[PDB]
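Worksheet for the structure shown next.
Just follow the structure's listing: the first ligand is 1, and inside any ligand the first atom is 1. We use all heavy atoms of the structure for the numbers below, so side chains are in, but hydrogens, waters and symmetry mates are not. Along the sequence shown, residues are numbered consecutively beginning with 1.
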Amino acid sequence: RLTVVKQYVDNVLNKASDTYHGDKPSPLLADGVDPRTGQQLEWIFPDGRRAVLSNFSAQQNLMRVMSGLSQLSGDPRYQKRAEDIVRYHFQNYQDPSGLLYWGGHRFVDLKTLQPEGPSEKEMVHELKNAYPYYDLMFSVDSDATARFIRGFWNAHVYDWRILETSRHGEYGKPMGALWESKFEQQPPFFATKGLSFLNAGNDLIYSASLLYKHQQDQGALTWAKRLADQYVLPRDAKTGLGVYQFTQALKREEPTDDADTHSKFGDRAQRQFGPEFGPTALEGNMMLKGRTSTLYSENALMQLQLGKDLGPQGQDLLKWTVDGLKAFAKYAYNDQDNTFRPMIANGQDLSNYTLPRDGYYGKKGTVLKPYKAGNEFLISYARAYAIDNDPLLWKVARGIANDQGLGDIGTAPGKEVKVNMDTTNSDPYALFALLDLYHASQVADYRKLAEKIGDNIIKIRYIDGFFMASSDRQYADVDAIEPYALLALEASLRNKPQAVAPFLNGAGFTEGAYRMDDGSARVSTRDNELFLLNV
Ligand SMILES: [Mn+2]
């Protein structure tokens, strides 16, 4: 499997590289390549100008694959290129504020080597569950990395007193008080005009924690953990469930219209569920599909890993994260059909609940149903189990695996195990989870199963020298996690627990106006959509 990954990365470096500057290329890479033509995936601007999309925030799995490949193979070329790419970004694409030209609304054109902004009214910095490889960055340039992290916090915190964050960060913003800002803890679900989204807080928690890890910065650690704790303090006193957000809308006006869901009318959950469920029916307490993926996977996996790695400095973080996942398993999970039940954090089961009025969560008449636990829950629950072997976390891992065609991992590790060695499962996430189960239990069947998945990944997803989700896909994504999974499998088998970075499920995206072939503008197009297109 190591030879395949080496082949693959060689292929990426051959076909995704800068071919626009003759014999003096930059080290930068295209995000996507059509494996049939070698054509690099382009952003098309309103006038028909074509940029080759180089978004460093959409390449941070590849940086990990590259470093992992070097550690396992002993070939230092891949590690060196990853380092060269970091160095070139600090040299050319880092603002005086410290922010990089990357993320949701900026990238670099590989052709011109100039920064781009595909969304003209949003020339801004955004990171959404990106989880960049700061370990590598600190290794290249510790000071420049620290400047990025301080500038990230400075740009994305609107009000330090109450920790109001923003999804969008302005470039060129002067340094404020930063870690020396005054904080005062507000009560659960205080009413405010702003909104600290969890998928904007995730990258803030992760970055400030890594600045602690590398520079022993007490200010960074304090604020990282304090921000994490904002989604913990308002948790339900009985159930320990929640919360998706920790504020509610400031009500300035009485509503006239169920279907007008503007925040000025007040918390949208209190409007639609409040009459029947009481004052605790609030947006942050709505444990619904998608929202629970953000809370109990996107956030939780990262906090689990941080809690562990922070050691003496992460005990509280880790406690909050494992306690939250345990509560969700206890209250909402159904292992028989592998579903989570829709709920309010106070413990109210909304399964088969008909919405009695229009609102933010659906039109009158909609029946709320249990939803299938996707593999983002498999990786968060298997990671949790690896740190704290609780039967409640096993329950979820077991239920999902069985629903994924993997057989029965047992009533507990090594007990009544009946895994399916003929599985056709080729999911990187399944591979990742099984490795965590193995490392917690030493039960050999779990790793034999992961080997099988790895073999399936190569047989069905290694295509034309790339990794693709389908054989018909137009463009391959150089940030594919298939080789990342294969590497962690190989590092387990070769007895190298330090060679490959624990998985955080980060990813990048690019969002803006994109010109269609007929010349029309498609507003808020994402590279995610481009990668789903077939030939
Ligand atoms: Mn945005």
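A donor-acceptor contact shorter than 3.5 Å links the side chain of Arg81 to the backbone of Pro27.
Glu126 contributes OE1 as its N, O or S atom closest to the Mn ion (ligand 1). Looking only at its N/O/S atoms, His105 has NE2 as the one nearest to the Mn ion (ligand 1).
Ring orientation note: the planes of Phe152 and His156 are nearly perpendicular, at an angle over 60° on the 30°/60° scale.
Here the closest non-hydrogen pair linking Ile205 and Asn299 is CD1-ND2, 4.0 Å.
Checking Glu511 against the Mn ion (ligand 1), every N/O/S atom stays at or beyond the 2.8 Å cut-off.
Dense packing is recorded around CD of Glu529, with more than 12 heavy atoms of other residues, nucleotides or ligands lying under 6.0 Å away.
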